[PDB]
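A.B. asks: Residue numbers (the numbering used here), protein chains in the order written: chain A, 20 to 147; chain B, 8 to 114; chain C, 10 to 361; chain D, -6 to 328; chain E, 30 to 375; chain F, 6 to 356; chain G, -6 to 328. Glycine residues also receive a C-beta, built at the ideal position from the N, C-alpha and C atoms.
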Amino acid sequence: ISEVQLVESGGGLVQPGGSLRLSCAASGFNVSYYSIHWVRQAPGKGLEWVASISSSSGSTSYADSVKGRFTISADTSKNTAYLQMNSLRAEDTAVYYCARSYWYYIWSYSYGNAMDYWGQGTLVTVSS
Amino acid sequence: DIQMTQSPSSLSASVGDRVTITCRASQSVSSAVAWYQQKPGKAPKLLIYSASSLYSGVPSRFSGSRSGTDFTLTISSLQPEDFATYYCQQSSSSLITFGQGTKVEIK
Amino acid sequence: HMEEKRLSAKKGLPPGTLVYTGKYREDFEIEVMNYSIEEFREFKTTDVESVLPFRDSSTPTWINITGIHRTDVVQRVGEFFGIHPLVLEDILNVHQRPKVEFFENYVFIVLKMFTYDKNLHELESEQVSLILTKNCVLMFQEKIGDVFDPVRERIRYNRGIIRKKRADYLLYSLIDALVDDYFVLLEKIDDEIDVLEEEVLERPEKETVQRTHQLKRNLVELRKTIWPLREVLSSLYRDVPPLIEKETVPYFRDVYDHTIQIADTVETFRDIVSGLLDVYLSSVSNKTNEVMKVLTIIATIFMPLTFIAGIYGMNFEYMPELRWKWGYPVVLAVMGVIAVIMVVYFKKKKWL
Amino acid sequence: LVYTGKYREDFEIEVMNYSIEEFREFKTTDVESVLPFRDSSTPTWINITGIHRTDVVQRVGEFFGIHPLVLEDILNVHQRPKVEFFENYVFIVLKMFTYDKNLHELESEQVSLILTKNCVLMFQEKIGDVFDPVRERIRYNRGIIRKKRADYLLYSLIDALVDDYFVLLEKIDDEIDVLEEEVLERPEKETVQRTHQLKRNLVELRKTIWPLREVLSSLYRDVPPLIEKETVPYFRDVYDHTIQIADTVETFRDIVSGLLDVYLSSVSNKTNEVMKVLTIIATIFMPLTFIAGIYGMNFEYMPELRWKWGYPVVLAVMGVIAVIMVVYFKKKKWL
Amino acid sequence: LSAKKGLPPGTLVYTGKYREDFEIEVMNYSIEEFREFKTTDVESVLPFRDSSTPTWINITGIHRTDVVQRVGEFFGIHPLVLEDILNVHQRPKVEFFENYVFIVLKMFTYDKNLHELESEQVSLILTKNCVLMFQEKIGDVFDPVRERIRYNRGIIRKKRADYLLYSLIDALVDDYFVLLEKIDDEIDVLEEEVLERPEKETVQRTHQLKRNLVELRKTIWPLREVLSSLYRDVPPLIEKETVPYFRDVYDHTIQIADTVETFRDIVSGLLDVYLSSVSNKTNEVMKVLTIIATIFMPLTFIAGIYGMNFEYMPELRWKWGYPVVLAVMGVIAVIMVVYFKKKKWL
Amino acid sequence: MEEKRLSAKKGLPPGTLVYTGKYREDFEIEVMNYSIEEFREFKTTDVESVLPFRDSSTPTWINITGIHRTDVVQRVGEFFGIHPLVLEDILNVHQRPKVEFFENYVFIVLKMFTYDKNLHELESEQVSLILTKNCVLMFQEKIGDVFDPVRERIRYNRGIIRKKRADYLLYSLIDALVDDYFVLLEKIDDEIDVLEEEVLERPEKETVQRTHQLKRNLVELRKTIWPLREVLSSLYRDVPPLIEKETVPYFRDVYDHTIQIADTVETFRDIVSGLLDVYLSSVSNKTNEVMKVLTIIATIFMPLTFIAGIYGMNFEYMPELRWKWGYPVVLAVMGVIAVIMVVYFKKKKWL
Amino acid sequence: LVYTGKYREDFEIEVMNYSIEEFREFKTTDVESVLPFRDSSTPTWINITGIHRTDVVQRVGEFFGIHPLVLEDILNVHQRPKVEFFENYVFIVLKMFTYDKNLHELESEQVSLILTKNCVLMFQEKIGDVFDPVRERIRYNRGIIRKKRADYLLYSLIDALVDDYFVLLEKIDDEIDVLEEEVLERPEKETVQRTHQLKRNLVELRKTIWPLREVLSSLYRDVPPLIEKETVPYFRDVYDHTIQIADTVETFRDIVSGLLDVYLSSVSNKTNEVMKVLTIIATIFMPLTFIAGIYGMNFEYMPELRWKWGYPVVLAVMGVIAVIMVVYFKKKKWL
Ligand SMILES: [Mg+2]
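1) Among A:116, A:102, A:112, which has the Cα closest to the Cα of residue 147 of chain A?
2) Tell me whether residue 322 of chain C, by its Cβ, gets closer than 7 Å to a heavy atom of ligand 1.
3) Pull up the distance between the alpha-carbon of residue 33 of chain D and that of residue 109 of chain D, whole angstroms please.
4) Could you give the distance in angstroms between the alpha-carbon of residue 152 of chain F and the alpha-carbon of residue 277 of chain F?
5) Count the other CB atoms, across all protein chains shown, that sit within 10 Å of the CB of residue 134 of chain G; report buried if there are 16 or more and exposed otherwise.
6) Please return the same chain residues whose Cβ sits closer than 7 Å to the Cβ of residue 173 of chain E, not counting the five positions on each side in sequence.
7) Touch check for the segment 302 to 313 of chain E and the segment 252 to 263 of chain D: three-plus C-beta pairs under 8 Å?
8) Give the DSSP bridge partners of residue 56 of chain B, in chain order.
9) Could you give the residue range of the beta strand (DSSP E) that holds residue 26 of chain G?
10) Can you confirm whether residue 75 of chain B, when its beta carbon is compared against all beta carbons of chain G, has any partner nearer than 8 Å?
11) Is it right to say residue 307 of chain F is buried, meaning 16 or more other beta carbons lie within 10 angstroms of its own, or is it exposed?
12) Closer than 8 Å, CB to CB, is residue 125 of chain A near chain B or not?
13) Below 8 Å, can you find three or more Cβ-Cβ pairs linking the segment 172 to 189 of chain C to the segment 243 to 255 of chain C?
14) In whole angstroms, what separates the C-alpha of residue 347 of chain C from that of residue 304 of chain G?
15) Inspect the beta-carbon positions of residue 55 of chain B and residue 75 of chain B and report whether they are closer than 8 Å.
16) Considering residue 135 of chain E, what are the terminal residues of the alpha helix (DSSP H) in which it resides?
17) Consult DSSP for residue 93 of chain A and reduce its assignment to one of helix, strand or coil.
18) Using the rule of at least 16 other Cβ atoms within 10 Å of the residue's Cβ for burial, across every protein chain shown, is residue 86 of chain G buried or exposed?
19) So with CB distances below 9 Å, who are the chain C contacts of residue 55 of chain A?
20) For residue 64 of chain E, which beta-bridge partners are listed by DSSP?
21) Am I right that residue 133 of chain A and residue 53 of chain B are in contact with their C-beta atoms under 8 Å? What's the rounded C-beta distance?
22) Closer than 9 Å by beta-carbon distance: list the chain F residues that pair up with residue 312 of chain G, in chain order.
23) Does the segment 209 to 224 of chain E come close enough to the segment 152 to 166 of chain E that 3 or more CB-CB pairs lie under 8 Å?
24) Would residue 44 of chain D pass as a contact of residue 21 of chain D if the rule is Cβ separation under 8 Å?
25) Using a Cβ-Cβ distance under 8 Å, would residue 179 of chain C count as near chain D?
26) Give the single residue among G:101, G:297, G:264, G:57 whose Cα lies nearest to the Cα of residue 296 of chain F.
27) Could you pull the DSSP bridge partners for residue 39 of chain A from this structure?
28) Between which two residues does the alpha helix (DSSP H) containing residue 391 of chain G stretch?
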């Protein structure tokens, strides 16, 4: 029923040092059976992976640039992912994408995840 | 962290040519490298995973090869719809990092 | 070995995640055949939930889920059907040999299909997992293309006696179809071995030896995958669980006899491969014999001639170089003499 | 429908009716007259030679009530021997092989039998089969074949065929002995190809024989529907024969492989033998020639002089170095 | 040679190579009674089927088909197994009949000096309380059974004919044991020969041995099978009390098979080892062929440089001239030889 | 003649007790009568002091180590009602491993192997178990066992050995024997690796002798392994009255262990089969190195000596009268040809 | 007491005494300062860097009441990984590894862990190890190690060792991929030596990793009360990780073996090529040298005057026979 679709929301202008929560709604799949990544892209720069959540266990992963500041979570009841951003700096203005990843197998000791479907991406501006 | 240095950065080629983009991992990653493409203003689209396997639905012209810590994406014959930025990603560790990108433009 | 069954933790992975250990991710589909004595209904779909209410069905049913790269559908089916998480891992794990396990409510059988492409001389293996429950047979595959078409035809057109029996006969039919596919694969290996052996005698190049070595590896893998199949059938007809009826055991015994035949054929193949391997070495050694024979012919004829030429070409200022008929031509005669005899001697050994 | 065989030269019909009193023979080149037509009183034996004229096959299938499927299965040549049972008759398919000392390859023909009450209806492909002695038993009234029923006739035909298999095995054994002697004493390049061809013949025999053993094991021990219980042991005979034949073939296979290795053992040795020659002569003449080059010099001032017969001195030192080289090769056992 | 040609199934022609001697040894025993005699007359020993005590009739040298035919007719023995018993080239087997059981087995003899294996066919017909054993010539292996029944040893005297058949089969299996012992000794000798001192003829001998093995297999595997037919499905003719005993012999048979199989594998290795050896040896030869060449083929070339007929030769006295080049020639040899001394080629 | 003869007890009747082994030194009897709350160890020598144990109501582990004395075996068999054929099979060392289900007892014969790393020899000693009523009889040839963990488990309440009947004791014995097979397979794998390395690096005659010895040992070991699967399958699939229904899954586990052992043995056999061909290939590679050296020197110095001899005949019409620095230019030609031929070999990568 | 290894450059002692309230760390080069810590009820982690100093390890051995047999085991560097269970202390022997992608060598440094009540003793051989993450976790209180007993410390150390094994596996995977690419296409003499070295390294890694898996299995499955139940699952998880390693190594071995196989396939073809070259070169020069010598004697009656300008004609015939030989080598696929 329905195709896979990731929809980002909550982005917008915010004062430096503030906080806002980005919401990623997933339709077409259960968030519990996959991993949800947040990837940041600054205006006119390359991609930058910022967060990752595994809803089946609550295991989280954060980039060194945002460790201790960003908080990623997911709720299966609403089938949604959330990224709470506080102590927000002016460097964090960027477009955020919410992507779904699946694990694949290379050797018995090594695994890797590839991001199948990405969302539209919401622009967050930190200035003024 | 693992640094993926991706070269070139401003590759330019004509339709029907053969394009090779290389990217090198700072340390050892066990073939867990993916290749994405991104057109301006749109979300990235996955092309290659496991550095050799071809994702479902993408054209067969894309190919991926690995030699040690050097990962090469090759377009055998360019198309008018194949001019976009290309990104490596290493997923060996839980901290996954992207390359700096390689824009492909008409010549 | 034996211990409390549990999920296996893996490094660099969330504690509860199940990973598909395969390469095929092209497509996914679910085909359901619910048949009885009177009427049957079949349908192919993509939504998983549409086939969930078939768990509690009085009539036997067959749910073929092609494509297990979608771990979500596999997990949902296993969770609703009451399948153990370790069994789900075994379904998703592909780098394992065929096996059989017996649980309270289901029996779980891992088997390997096989395809052979003469071009590229490749032997590809695809894992199929069967779960037999009280009134349903689940079959997890990897990609489009199975060897269960005869069983599908029998269900559709009411041939055989498969319609009059329960799911145990369906499981037997699937296993028998897989064994027949194994027999067809062995016939293809017959053809490949014959074609390779008719060439290895007269075209002894390195690519032929590479083909022979990869064929030997293919037969090694075939033995390693067919012996556990024999054990699976043996445990299936000698340790029947309550799920499998007392009847239909002789059918499993017939399948066991078929896999005995297959194992014997593989055993003969394991020696035929070495028979082919020896021939290339024999032929190359024969060619080496020929080339070195002509080399030693030349050496034997010419080294003494050069030696005696050097002997009569060294200056001492007192040398009997003036003899009957001026002396010199006799030397050449001697040359020819100490030449022709050598050739005659080689005619004793039939060289050149 | 159609067949696959290659022979279309000759066609024939041979009926041989017999009983205790007297026997009848027609041998016509057409359907013409078929007296029994399920007479159920006289044992009949009808050979038809030829498969090009399929019309007779369809006619006899239509009359005696042979199912169309087995009629279709009849007109095949690339099929293994087989057997089927029916409430009215039984169906049987075997094959003859022919061997010669010309090019070492076996000519194969497929021959079918059908047993109905007092009727042995059979299809051949070529005249001059191995069933000639059996005809003798009919003609000269020898043995107990001219006693009762028609199943004993089928047993006699199968016994004649397994006797043909035995004589073919004897010919193959003689060929393997000849190749064994050749490999042991006269290795040749074509010898390995001949051994491979012989191995191909043996693997063809292995392919064919085992279905025959299955056919015989199905005729016995299965409680055949319509076969006299007095004649059941006779089948066992040929069954045992088939088993023996199979075993022989298996052994032959193994022994052939042995040749395919032992020949190699000579070839790798042959190289080594040639080794010594090339290693000996050089070791005797490469230094000697060098010594000549030492005395074929052009140096102005040398010890070169009549050093008490220096020319035979050089010849004698060459002789002594040659003899020490040859005695070193004697003690090394190279030559 | 196994070809009966175009003969009826009721033929009683004998196919063998032993017609020198022919006797009948009769041993009739009970719990307290013993009798034994040799005879050359059929009717002297003919009326024994209607007896209440076990008897053993060894009719050796089956080349006069009249005695075999008369014995078969008197006992009601089917002429089919008359043909089978008179056919030497028959694999071991068993047939069950309502009134008797028929067994065909083989006795093997080994000649070490010529390295050959001789086969003889023996048959045992057990009927009620009588055992008719048909042989081919003088001499057998059943002698320990004879001393057992003559000196009142074991429990053979106080048993039925089934135990006598079991004892005869056990003696035959024991003969197979000793023959495999001889073959094992031969294999040990051959492996020592091919591993320590390999020559050209050795391989031929190896082939001969291998042949014997497969031929032995041709007889060994049916034997196992026939004993199986005496254990997993026993007729009323064989007493239940003696059923376990046959099982024991069955074990022996399967053991024999295993041993034979093992032997085959060893022989299969042997030839490969020979290849190894010869390959090693040729390597050594190559080294020598290089050494001399590397020593003497360069040096003579130097002579060819200074042996030309050109006129402008710095050859009169160039620091004594002549011997100097000899020196450097020898010098070169030094390097060459020490080079080889550093590569372990001597 | 070696101590592996099979034609022993040739002229002997069935049921005669003859020992056909090589060990005749040690003899002892060890009894471990264990119950739910006490255990008694009664290691003694006289047979008469252990016979009354057959009527006990608790599991017993009579263990007669050293069976060269036929008198003790005969007395125990007579007291326990053991068939004479079973006793003669017990004393026959070369008996194939097997299991027999008699009416009052179960008779098993297995083999345990000892393997010395210092000297490549694999010795086999059989063990005969007789599970009779509530008692287990063990027969063996010499001191030195593998059931020491079973002894420790009985002495100190580590597992559930004392909470069950004698069938579980038979289970523990079989499982310990299978574990011994596993560890000896590991040792053989170690030698497989060392011989593979020796074949790849140092091809000699000692190497081929060691390979042949390993092949012989492995084929004997496989011959012993194969009956073990049948023994275990008969133990659990065909349930006898003596073996209780509760013990069957344990025997199934041992059957799985035997299947794994057989698979590993087959893999080892395949490796050993390939090893000799690997040796031949390695020796061929070394001789090819020698081939290449000889061919290179011949290539460099045959044309050179030919064109050195081309000038030097007695032709007085040759332009040898100082054509244009003839000797230096011909030496330069020698050097040029040598250099270009060396470059050609470098192109072929031989040099 | 003898130290079998080869690392004896430096020696030092490290102490981590941590609890919930606080931790104290000190690096000392004297033996005495570490003796009293057996009495401390808080978890304690001693680290003896050098075992070549037999005096300090011996003093620790008889002060902690551990049998001299385990001392000999500690000094036995060439020892398999193993585990020993005793009444008051558990003994473990493991092997670290170091891989550098320049020399392709795999050197193992044995490490011994002795766990006693509320303390862990480490015995190493060289400066530098793989337990740095455990040190950081203890220092900065990142994990839950500070709230557990010494059994969790042993678990953390074993887990760090397994992680180092994973890193080594990554390096070996890179090496295997590079070597496979270089062997399948463009082989050379260096590649086969690299393959042999890689096979030796994989054999050693397998030969070490299986005893490690046995150690972990016997450690969690049934253990004395030395380690609390709370840490029982954690060890279990580590065992699973080891399984991964083991399986990977097995797979890796197979791949490497296959490579060697193909290189052993074409040795005889190389022999044939080499002596094709040698026979061609020796064929066209030995008779030429022979006839040069023939015209190189010193006979007076030699027909050496003029006769069509003297020398050149023989050169001609040389070329003649030469091209003849060339023709004889143009065919037969020699050239
Ligand atoms: Mg001269």
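C.D. replies: Let me spell this out:
1) A:112
2) yes
3) 9 Å
4) 31 Å
5) Counting Cβ neighbours within 10 Å, residue 134 of chain G comes out exposed, since fewer than 16 surround it.
6) 200
7) yes
8) The partner list for residue 56 of chain B (beta bridge, DSSP) reads B:60.
9) Looking at the DSSP string, residue 26 of chain G is not in any beta strand (DSSP E), and its letter there is neither H nor E.
10) yes
11) buried
12) yes
13) yes
14) 26 Å
15) no
16) Residue 135 of chain E -> not in any alpha helix (DSSP H); beta strand (DSSP E) instead, spanning 129 to 140.
17) strand
18) A buried status is given to residue 86 of chain G, since no fewer than 16 other beta-carbon atoms sit within 10 Å of its beta-carbon.
19) In chain order: nothing, as chain C lies at least about 12 Å away.
20) E:57
21) 6 Å
22) The premise fails here: residue 312 of chain G is roughly 12 Å from chain F at the closest Cβ pair, so nothing lies under 9 Å.
23) no
24) no
25) no
26) Nearest option by C-alpha distance: G:264.
27) A:104
28) There is no way to answer for residue 391 of chain G, as the model of chain G reaches only from -6 to 328.
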